[PDB]
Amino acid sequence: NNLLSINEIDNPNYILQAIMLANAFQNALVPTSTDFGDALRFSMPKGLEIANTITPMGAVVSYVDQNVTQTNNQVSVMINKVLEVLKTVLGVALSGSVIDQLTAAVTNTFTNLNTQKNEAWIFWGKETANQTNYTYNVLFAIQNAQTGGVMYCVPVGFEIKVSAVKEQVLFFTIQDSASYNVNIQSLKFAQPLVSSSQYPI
């Protein structure tokens, strides 16, 4: 599985539906352009096509396909730009219900890369002397007070160009500066809670 699953689930009776939603949107990863390099990202148009096959039938609430750029600024500032975009997909109330974890997950998209560099959710694309390309795929599965009778699953595909060599990128902290070109793709999918008696790890 090439999406990092961030489970924010109050009742374990739903662990199974979240894994099942995760397993579904895995099929929404697509190849990047061979110019970007050799890499998979969650596609939002594909994710739409997948959500229609999902049974029991849910509803797609919001979606985004958007570029975000920075010129020699702090990583902290890309993290906040991307948070602003994801918060808009989640909306105010669902955001605040998961804000710490939403914050950590976008922080770890841009920093702490060295300890993540071999994991299945990151793909290293084209790497030159002054640029690194990578994709990073995460999926939030959320059931809590703000969610009532449904689960929300929010897949996100990042396609990232940052103006620094890989080894430097691997050790970036929020205090570093670089130039970025980030394309974000995400949807938010609601599905009625389906309870379960098998509880996967």
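Only the largest set of C-alpha atoms that superpose within 1.5 Å between the two forms is called the rigid core. In case it trips you up, residue 1 is the first one in the sequence shown, and so on.
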Legend entry - Larger mean CA deviation from the shown form in 4 other deposited structures of this protein [core fit; 190-198 vs 2-10]: 190-198
Inset, instruction - State which stretch shows the higher mean Cα B factor in the entry: 122-130 or 108-116. - result: 122-130
Legend entry - Average Cα temperature factor in the PDB entry - higher stretch of 153-161, 62-70: 62-70
Inset, instruction - Using the temperature factors in the entry, find which of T173, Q168, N137, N52 has the highest value at its Cα atom. - result: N52
Legend entry - CA B-factor placement of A178, once the chain's modelled residues are sorted into thirds: middle
Legend entry - Chain-wide C-alpha B factor ranking for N23, given as lowest, middle or highest third: middle
Legend entry - Ranked C-alpha temperature factor of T147 among modelled chain residues, by third: middle
Inset, instruction - Going by the recorded CA B-factors, say which third of the chain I15 sits in, lowest, middle or highest. - result: middle
